[PDB]
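One structure is given here, and the rest of the page talks about it.
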Amino acid sequence: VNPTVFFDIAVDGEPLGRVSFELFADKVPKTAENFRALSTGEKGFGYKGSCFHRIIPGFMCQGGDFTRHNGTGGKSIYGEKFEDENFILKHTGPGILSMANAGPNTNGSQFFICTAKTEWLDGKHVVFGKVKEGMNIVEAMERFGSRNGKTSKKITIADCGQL
Ligand SMILES: CC(C)[C@@H]1NC(=O)C/C=C/c2cc3cc(ccc3cn2)[C@@H](C)OC(=O)[C@@H]2CCCN(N2)C(=O)[C@H](C)NC1=O
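Numbering (full-length UniProt numbering), first residue to last: 2 to 164.
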């Protein structure tokens with residue numbers, strides 16, 4: 002039942018590999034649906050062509066700002082922002098897929114993929130999925146990050162959709 006979505010990642014326009022995610026629609030259906038629909042593009046906007054604007058190795062990779070490409074933009078399928086659905090799931094380790102935000106009830110389209118356990122984010126960012134296949138590609142993406150998060154090459158979602 003839980004949907005699977007994929008990202009095809011490129012590095013300076015060169016294909017790197019595919020990352021796939023299980024979205025926990027059974028526990029966070031509204032949040033999972035937003036990510037699913039942004040991944041297919043079915044509403045007329047979404048993640049295809051967008052970049053990962055911040056990659057901190059040993060922490061996380063952040064993306065999903067498809068309108069300003071720098072962390073200041075993005076929007077949900079429900080409007081500019083939507084509420085924190087619940088905090089049932091925790092940031093348990095690498096691979097966790099979770100919503101980025103600017104405060105309570107400000108979810109849009111930005112998200113992050115954990116590359117470490119980030120337990121201090123529990124109860125503040127809505128976890129809604131996990132990497133299924135392609136964690137090795139996330140690890141490869143991490144090598145283009147830096148301590149301050151600026152990437153050393155452009156890391157893009159060249160294609161995305163639902164499997
Ligand atoms: C509108 C944006 C969705 C929203 N924007 C703002 O809240 C305004 C803040 C911008 C900002 C936050 C920065 C945070 C870090 C490093 C550099 C930053 C540079 N700029 C480290 C400590 O933390 C992260 O990387 C964390 C990891 C978890 C994901 N995650 N980032 C967020 O959900 C941040 C908190 N929220 C935004 O990105």
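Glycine included, C-beta positions come from ideal geometry on N, C-alpha and C.
Discussion item. Report the start-end ranges of each beta strand (DSSP E) in the UniProt domain "PPIase cyclophilin-type" (7-163) that is 3 residues or longer and not cut off at the edges.
Written reply: 15-24, 53-57, 61-64, 97-100, 112-115, 128-132 and 156-163
Practice prompt. Return the CA-CA distance between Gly-124 and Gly-130, expressed in angstroms with no decimal places.
Written response: Rounded to whole angstroms, the gap between the alpha carbons of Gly-124 and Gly-130 is 15 Å.
Worksheet item: Just checking my contact of residue 1 with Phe-145 at CB under 8 Å: how many whole Å lie between their CB atoms?
Response: This structure cannot settle anything about residue 1, because the visible part of the chain is limited to 2 through 164.
Practice prompt. Determine the closest residue to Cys-62 out of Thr-157, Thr-116 and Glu-84, with distance taken between C-alpha atoms.
Written response: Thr-116
Worksheet item: Is the beta carbon of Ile-89 sitting closer than 9 Å to the one on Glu-34?
Response: no
Worksheet item: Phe-112 to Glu-15, Cα distance in whole Å?
Response: 23 Å
Discussion item. I want to check one thing, is the minimum distance from the CB of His-126 to the heavy atoms of ligand 1 below 8 Å?
Written reply: yes
Worksheet item: Excluding the five sequence neighbours on either side, which residues of its own chain have a C-beta within less than 8 Å of the C-beta of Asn-149, listed in chain order?
Response: Within the same chain, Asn-149 has close Cβ partners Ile-57.
Item to complete: Let me know if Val-127 comes out buried or exposed under the rule of 16 or more other beta-carbons within 10 Å of its beta-carbon.
Response: buried
Practice prompt. Determine the direct distance from the alpha carbon of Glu-84 to that of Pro-105, and round the result to whole angstroms.
Written response: 7 Å
Worksheet item: If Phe-67 sits next to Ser-110, beta carbons under 8 Å apart, how far is it from one beta carbon to the other, in whole angstroms?
Response: 6 Å between Cβ atoms; contact.
Item to complete: Tell me whether the beta-carbon of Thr-32 lies closer than 9 Å to the beta-carbon of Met-100.
Response: yes
Practice prompt. Return the Cβ separation of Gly-45 and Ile-138 in integer angstroms, given the expectation that the two are a contact with Cβ distance under 8 Å.
Written response: Incorrect: roughly 28 Å between the Cβ atoms, too far for contact.
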